[PDB]
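Undergrad:
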Amino acid sequence: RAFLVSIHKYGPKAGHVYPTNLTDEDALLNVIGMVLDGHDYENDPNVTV
Amino acid sequence: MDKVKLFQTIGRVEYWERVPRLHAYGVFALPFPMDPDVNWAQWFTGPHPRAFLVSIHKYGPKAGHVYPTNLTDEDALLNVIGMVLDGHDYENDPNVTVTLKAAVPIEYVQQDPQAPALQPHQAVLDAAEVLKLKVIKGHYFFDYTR
Amino acid sequence: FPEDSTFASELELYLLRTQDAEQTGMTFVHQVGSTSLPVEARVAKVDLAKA
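Residue numbers (the deposited numbering), protein chains in the order written: chain N, 50 to 98; chain M, 1 to 146; chain G, 53 to 103.
#1: State yes or no: is the beta carbon of residue 57 of chain G nearer than 8 Å to at least one beta carbon in chain M?
#2: Determine which residues share a DSSP beta bridge with residue 81 of chain G and list them.
#3: Alpha carbon to alpha carbon, how far is residue 121 of chain M from residue 36 of chain M? Give it in angstroms, no decimals.
#4: Could you check where the beta strand (DSSP E) with residue 101 of chain G kicks off and where it finishes?
#5: Determine whether the beta carbon atoms of residue 90 of chain M and residue 40 of chain M lie at a separation below 8 Å.
#6: Please list the partners that residue 95 of chain N has in chain G, where partner means a Cβ-to-Cβ separation under 8 Å.
#7: Is residue 28 of chain M buried or exposed, if buried means 16 or more other CB atoms sit within 10 Å of its CB?
#8: Residues in the same chain with beta-carbon distance under 7 Å from residue 143 of chain M, minus the five sequence neighbours each way, listed in chain order, please.
#9: Which runs of the beta strand (DSSP E) spanning at least 3 residues fall entirely within the stretch 92-118 of chain M, listed in chain order?
#10: Which residues in chain G sit within 7 Å of residue 75 of chain N, going by Cβ to Cβ distance?
#11: Excluding the 5 residues preceding and the 5 following residue 95 of chain M in the sequence, name in chain order all residues of the same chain whose CB lies nearer than 8 Å to its CB.
#12: Starting from residue 63 of chain G, trace the beta strand (DSSP E) both ways and give me its first and last residue.
#13: What residue range is occupied by the uninterrupted alpha helix (DSSP H) comprising residue 74 of chain M?
#14: I'd like to know if residue 7 of chain M contacts chain G, where contact means its C-beta is closer than 8 Å to some C-beta of that chain.
#15: Are residue 55 of chain M and residue 19 of chain M close, meaning C-beta to C-beta below 8 Å?
#16: Have a look at the DSSP bridge pairing and note the partners of residue 68 of chain N.
#17: Using the beta-carbon count (16 or more within 10 Å), is residue 51 of chain M buried or exposed?
#18: Report buried or exposed for residue 13 of chain M, applying the criterion of at least 16 other Cβ atoms within 10 angstroms of its Cβ.
#19: Does the beta carbon of residue 86 of chain G sit closer than 8 Å to a beta carbon anywhere in chain N?
#20: Under 8 Å Cβ-Cβ, which residues of chain G neighbour residue 137 of chain M?
#21: Taking only three categories from DSSP, how would you classify residue 38 of chain M?
#22: Examine chain G for any beta-carbon lying closer than 8 Å to the beta-carbon of residue 40 of chain M, and answer yes or no.
#23: Between the alpha carbons of residue 99 of chain M and residue 26 of chain M, how many angstroms are there, rounded?
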């Protein structure tokens, strides 16, 4: 599968990505790409978007 | 003092490297005629690498000529075409190679000529969205082809 | 001062100073499956001297 991610513009977690919540306006606005290959968040917190 | 003269300096040649770009983003450039109005010697002073964006005269007596963009002219913001990267010999030929589509880091853009070198400009980064740039990393992503 | 001999009158020492660009910098960190990002630009300088 695949899912769309979205950067943070500003904040304490500014620069990090979170999956695009379709109900939220900033995830729709600040969408930055998507993730295809699969990953292990327990292994590394740096995904390749 | 008089019979023995000590060390001085004759010439001081400081040499910089070039403006970096992404390997896998693709460069697209077209050569443009130079507007003789602005002082190109004042944009090409330092040996440090800079890259200033360029707008184009659309229609008039100088239709096709290009000139460095001012951030207070709305037509210059609505006629931007790209930036000149590697510097240019302004008197050995007028015609300059303007890159349309590339990716240049945050510090190598200087649209004010009397600005600090290899430091990010503030009014460029504050007025990027009207100027059709996009930053993701420090690298200015742009495509004035599209 | 060990002595030395020459046939000409005036003595000119021309020193060429050279500040090469120091090989600095660490390789940028990235994740597997990504397009690389380029390196910065560095400066070398040459000055001379007459005595």
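Quick reminder that beta carbons are idealized off the backbone N, C-alpha and C, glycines included.
TA: In this structure, then:
#1: no
#2: The partner list for residue 81 of chain G (beta bridge, DSSP) is empty, contrary to what the question assumes.
#3: 26 Å
#4: Annotation: the continuous beta strand (DSSP E) that includes residue 101 of chain G extends over 95-102.
#5: yes
#6: 83
#7: exposed
#8: For residue 143 of chain M, where only same-chain residues beyond five positions count, the Cβ hits under 7 Å are 101.
#9: 96-101
#10: Per Cβ cutoff of 7 Å: no residues; residue 75 of chain N is ~24 Å from chain G at best.
#11: 31, 32, 33 and 34
#12: Unbroken run through residue 63 of chain G: none, as it is neither H nor E.
#13: For residue 74 of chain M, the enclosing alpha helix (DSSP H) stretches over residues 74-77.
#14: yes
#15: no
#16: As a beta-bridge residue in DSSP terms, residue 68 of chain N pairs with N:54.
#17: buried
#18: exposed
#19: yes
#20: 89
#21: coil
#22: no
#23: 11 Å
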